[PDB]
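Enquirer: After the structure tokens below, expect a handful of questions from me.
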Amino acid sequence: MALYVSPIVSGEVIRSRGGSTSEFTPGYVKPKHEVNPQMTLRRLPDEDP
Amino acid sequence: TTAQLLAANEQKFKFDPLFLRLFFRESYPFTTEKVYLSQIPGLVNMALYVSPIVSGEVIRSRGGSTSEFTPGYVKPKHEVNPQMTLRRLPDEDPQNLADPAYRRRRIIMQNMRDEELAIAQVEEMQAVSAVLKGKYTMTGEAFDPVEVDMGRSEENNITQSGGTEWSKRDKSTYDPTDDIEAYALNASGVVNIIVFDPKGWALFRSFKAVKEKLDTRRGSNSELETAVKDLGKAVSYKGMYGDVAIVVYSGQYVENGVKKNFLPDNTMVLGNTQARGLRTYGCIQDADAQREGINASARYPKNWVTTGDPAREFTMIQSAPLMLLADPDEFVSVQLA
Amino acid sequence: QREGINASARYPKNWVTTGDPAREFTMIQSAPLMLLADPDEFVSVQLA
Amino acid sequence: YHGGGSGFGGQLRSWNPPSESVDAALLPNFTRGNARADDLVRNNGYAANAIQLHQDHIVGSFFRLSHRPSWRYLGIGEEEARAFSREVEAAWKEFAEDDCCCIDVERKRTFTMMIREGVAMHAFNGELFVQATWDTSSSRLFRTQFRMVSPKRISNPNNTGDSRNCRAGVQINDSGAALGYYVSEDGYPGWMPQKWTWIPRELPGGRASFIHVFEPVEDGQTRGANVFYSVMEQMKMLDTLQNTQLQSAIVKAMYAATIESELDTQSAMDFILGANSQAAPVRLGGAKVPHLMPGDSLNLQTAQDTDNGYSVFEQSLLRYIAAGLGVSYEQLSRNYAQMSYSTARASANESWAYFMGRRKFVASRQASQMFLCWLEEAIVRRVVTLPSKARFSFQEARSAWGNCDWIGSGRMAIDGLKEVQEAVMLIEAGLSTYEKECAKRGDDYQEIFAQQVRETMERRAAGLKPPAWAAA
């Protein structure tokens with residue numbers, strides 16, 4: 001809040017303000033799956049005979 | 001290890017000028033050293049019986065009283081120097097970036113925002129302190145102490161004591177409406193609005209009879225918001241209570257590092273939405289300002305360069321305000337111990 | 001020199017100092033020197 | 001987009017000019033820029049040539065009024081409008097072209113000179129000001145007098161900083177309009193405190209009380225900027241180069257020869273250079289063959305080529321200046337190198353487009369406002385008569401009563417015979433009229449017809465052969 005100052009006396013300079021910073025780094029992820037024909041040769045559970 | 005600046009927010013205290021908007025309209029700048037506020041007694045004796053022979057006791061004619069006031073002066077300032085511009089700013093991308101010339105135009109903008117906000121906070125504090133108590137004093141370090149003191153009768157600013165305080169008596173089978181009526185009986189003019197600090201609101205609302213004032217089929221026409229209504233805002237317009245609007249005000253002003261509340265810890269104000277409010281601004285006193293031809297204005301801005309070796313480009317705002325109240329007996333303040 | 005002045009009569013200027021307070025000044029300067037081509041066309045008696 | 005980035009290989013990194021409006025980019029350095037342009041105009045051979053070309057081609061030698069009030073909107077009639085036009089035109093010709101030069105207060109110029117000075121001021125300063133005032137002591141018929149106000153005389157009061165409503169001595173309302181101008185008085189003789197006075201833009205009666213003419217670019221531009229801002233630096237550097245080259249040539253050609261010896265510098269110059277002993281002058285007649293002892297020597301120095309390509313670099317810079325200012329290269333530099341007919345005609349056309357644009361805007365608007373400012377007094381004073389049964393009086397529609405056009409000098413052709421055949425071919429067909437053809441040559445066709453019918457009668461009376469235009 002702005003303190004009162006007489007018209008004659010020079011007022012104090014009020015400091016400016018500066019921020020703060022933070023650091024972050026991502027994380028990696030990779031799921032994987034494999035298919036070979038030996039699995040496809042037979043019959044799937046949900047196929048009509 | 002390069003980097004990017006994705007987000008850079010800001011912080012802000014809950015600040016909103018309720019009082020200076022509800023009660024102080026029609027601002028009056030004045031090109032004059034001091035102002036006058038006058039009032040007339042207006043009390044007339046009930047006529048006394050006299051015999052048709054006596055024929056005496058001539059009565060005096062009533063005459064008023066005046067009060068003089070003098071406004072204080074405020075002038076916040078900031079500055080920017082070539083040293084600060086070199087390094088970086090935390091709102092600026094590590095990529096991209098700009099020359100120091102562009103960083104000279106950010107610190108200046110945020111400075112002006114800061115001293116404008118400081119002036120607004122001072123105006124709000126000076127407005128609020130005139131409501132709770134009839135008088136306030138304008139004092140500081142480089143400023144000689146000057147006080148403004150409207151005449152508010154002792155019957156106002158009622159404070160509760162060991163007798164008849166809301167907290168000590170039970171929260172069931174009691175009604176605060178009669179206490180509100182008795183308190184408002186000292187006001188001069190119809191009351192229309194009541195201001196609560198949040199603790200005072202929590203103390204008032206917890207009474208059981210007040211709940212029955214809400215959900216009765218024909219015994220009332222009031223409606224309120226017992227639930228949670230506003231949480232981050234500085235104002236809360238809750239429903240009307242019979243005829244007087246109930247407003248909960250909780251604002252903040254920061255003097256030194258810490259935060260503080262405008263309304264002091266559960267005070268209640270019985271007030272009127274149309275009370276005559278004066279918003280006066282004095283004459284600004286700077287040679288360049290009067291060289292422009294402007295006087296009795298609000299928020300005169302200026303800047304200059306001091307020619308000194310590190311340079312520097314300052315910035316200043318000055319208003320010299322004075323917040324008055326023509327009729328100091330239309331508000332009744334309550335402590336609510 | 002900033003406004004191209006030399007050998008003039010009663011040059012005024014009005015300036016305001018850029019300080020933390022503010023004051024306004026006004027000043028006129030000139031270089032008066034009065035001469036006579038012939039110092040002797042007058043006789044000055046002190047009377048009695 | 002490479003434009004907004006770092007550049008090719010980071011070459012432009014330090015080129016990131018701030019994005020500011022025209023006011024913010026012009027007003028801080030207004031007076032210094034205008035003074036530099038004035039210095040260039042008053043002290044450089046090419047700047048004065050460009051200004052003289054501007055004055056001579058935009059306006060010319062004579063500047064004529066052509067009055068065409070709108071009758072259809074006013075519903076007055078053909079003959080009444082024509083009579084009004086003829087009478088008011090004659091009145092203007094005998095007020096504007098008066099010999100006493102009483103149109104302006106200074107009593108130094110005529111109307112055409114005022115227009116020329118306005119165009120020039122619009123050239124090397126960026127705008128022009130005209131003030132129209134009244135003097136009661138004038139015992140002549142029409143009284144309105146005019147003055148040209150220099151831009152330097154218009155400034156902020158008390159030399160204060162710039163504000164939101166008044167920028168550089170010009171008051172601005174909430175929108176971009178103007179209300180009044182602060183015009184200082186400047187006293188060369190010995191100075192004085194200085195005064196700033198208020199002159200409103202228009203009187204409450206709507207009369208034009210102060211004229212401000214310029215061509216804006218952006219949304220908000222309180223005062224315009226001159227045309228030299230593109231090429232001031234190049235012209236000053238070119239002048240420095242020319243003076244330096246001239247001085248260097250003078251000092252290189254000065255030292256013709258050189259004497260090396262070991263004797264006294266009087267006897268050495270006596271025995272070798274042939275100077276009479278009684279530094280040592282030499283008479284410059286005859287051919288001399290000196291005799292040199294082993295220690296002595298005579299050397300005749302050689303200077304460089306005095307103009308070693310400097311003319312070509314001058315061509316480059318002068319073409320740049322011609323591109324900047326607007327006049328063609330040949331008119332600016334007076335070079336007029338070898339070129340065919342097509343090249344000359346194309347260059348003339350590129351100059352003429354710009355010249356007609358400038359004349360149609362600047363000088364034309366100035367003259368129109370001046371002419372409207374006079375008519376009102378002449379109408380109010382009952383010198384001319386408004387046609388009866390008019391929908392409007394003068395005040396309700398000023399632009400309706402005074403809609404006028406101005407015709408000045410026309411182009412001088414490279415080969416006028418071709419242009420005359422062009423005009424005749426167009427006249428024989430229907431694509432053109434007599435009015436437009438006589439306008440290109442800067443003549444009013446009604447004057448031509450009146451002189452024509454007077455002349456055919458003069459020829460008939462004396463007994464000469466009847467002329468070509470005469471009706472069979």
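Laboratory data are not the source of any read-out in this text; all were calculated from the coordinates shown. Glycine also receives a Cβ, built like all others from the backbone with ideal geometry; neighbour counts cover every protein chain displayed.
Enquirer: Enumerate the pairs (first residue in the stretch D:344-371 and among the aromatic types (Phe, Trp, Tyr); second residue anywhere and part of a helix (DSSP H, G or I)) with beta-carbon separation below 6 Å, excluding pairs fewer than 6 apart on the same chain, so at least 6 apart or on different chains.
Expert: Correct list of pairs: D:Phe355/D:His57; D:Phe355/D:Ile58.
Enquirer: OK, next. Given the stretch B:254-337, what strands (runs of 3 or more DSSP E) lie entirely inside it while holding 1 or more residues that are touching a strand residue (DSSP E or B) at 6+ places or on another chain (Cβ under 8 Å) and farther than 30 Å from B:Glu33 by Cβ?
Expert: The strands (runs of 3 or more DSSP E) meeting that bar are B:259-261, B:268-271, B:332-334.
Enquirer: Cβ-Cβ distance below 6 Å, separation of 6 or more or different chains: which pairs start in the stretch C:21-40 with a residue that is within 12 Å of chain B (Cβ to nearest Cβ) and part of a strand (DSSP E or B) and end on one that is of a type in the set (A, V, I, L, M) and surrounded by 10 or more Cβ atoms within 10 Å (Cβ to Cβ)?
Expert: Within 6 Å, the pairs are C:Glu24/B:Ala287; C:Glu24/C:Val16.
Enquirer: Could you pull out the residue among B:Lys75, B:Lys14 that is within 14 Å of chain A (Cβ to nearest Cβ), of a type outside the set (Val, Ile, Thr) and under 30 Å from B:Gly257 (Cβ atoms)?
Expert: Exactly one residue qualifies, and that residue is B:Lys75.
Enquirer: Still on this structure: Within the stretch B:297-337, track down each residue that is of a type in the set (S, T, N, Q) and under 18 Å from the mean Cα position of the chain (by Cα).
Expert: B:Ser319, B:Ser333, B:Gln335
Enquirer: With the structure loaded, tell me whether B:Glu124 is within 13 Å of chain A (Cβ to nearest Cβ), under 28 Å from B:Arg25 (Cα atoms) and in contact with a strand residue (DSSP E or B) (Cβ under 9 Å, 6 or more places away or on another chain) or whether it fails that test.
Expert: So B:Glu124 passes the test.
Enquirer: Going by what's in this entry, would D:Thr306 be described as among the hydroxyl-bearing types (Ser, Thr, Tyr), exposed (fewer than 14 other Cβ atoms within 10 Å of the Cβ) and closer than 18 Å to D:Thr258 by Cβ?
Expert: Judged against the criteria, D:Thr306 is not a match.
Enquirer: While we're looking at this one, here's another question. Of the residues D:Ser230, D:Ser163, D:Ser184, which is touching a helix residue (DSSP H, G or I) at 6+ places or on another chain (Cβ under 7 Å) and within 30 Å of C:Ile28 (Cβ to Cβ)?
Expert: D:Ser184
Enquirer: Residues D:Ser393, D:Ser364, D:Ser368, D:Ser399: which one is farther than 29 Å from D:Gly224 by Cα and either small (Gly, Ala, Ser) or touching a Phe, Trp or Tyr at 6+ places or on another chain (Cβ under 7 Å) (or both)?
Expert: Only one candidate qualifies: D:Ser393.
Enquirer: In the stretch B:48-74, which residues are closer than 30 Å to B:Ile108 by Cβ and either among the small types (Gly, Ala, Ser) or touching a helix residue (DSSP H, G or I) at 6+ places or on another chain (Cβ under 9 Å) (or both)? Show your work before the answer.
Expert: The initial filter retains those residues of the stretch B:48-74 that are closer than 30 Å to B:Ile108 by Cβ, namely B:71-74.
Once the filter is applied, which keeps residues that are closer than 30 Å to B:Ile108 by Cβ and either among the small types (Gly, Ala, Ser) or touching a helix residue (DSSP H, G or I) at 6+ places or on another chain (Cβ under 9 Å) (or both), the stretch B:48-74 yields B:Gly72, B:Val74.
Enquirer: Which fully enclosed helices (runs of 4 or more DSSP H) of the stretch D:27-97 have 2 or more residues being in contact with an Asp or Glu (Cβ under 9 Å, 6 or more places away or on another chain) and not charged (D, E, K, R)?
Expert: Here the list reads D:30-43, D:45-58.
Enquirer: Can you tell me which residues in the stretch D:396-421 are exposed (fewer than 13 other Cβ atoms within 10 Å of the Cβ) and of a type in the set (A, V, I, L, M)?
Expert: D:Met412, D:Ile414, D:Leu417, D:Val420 - these are the residues of the stretch D:396-421 that are exposed (fewer than 13 other Cβ atoms within 10 Å of the Cβ) and of a type in the set (A, V, I, L, M).
Enquirer: Also, quick follow-up: Filter the stretch C:1-11 down to the residues that are facing another protein chain (nearest Cβ under 8 Å) and over 12 Å from the mean Cα position of the chain (by Cα) and list them by number.
Expert: Across the stretch C:1-11, the qualifying residue is only C:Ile5.
Enquirer: Now a separate question. What is the residue count in the stretch D:189-241 for residues that are under 25 Å from D:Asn29 (Cα atoms), within 14 Å of chain C (Cβ to nearest Cβ) and not hydrophobic (A, V, I, L, M, F, W, C)?
Expert: So the count comes out to 3.
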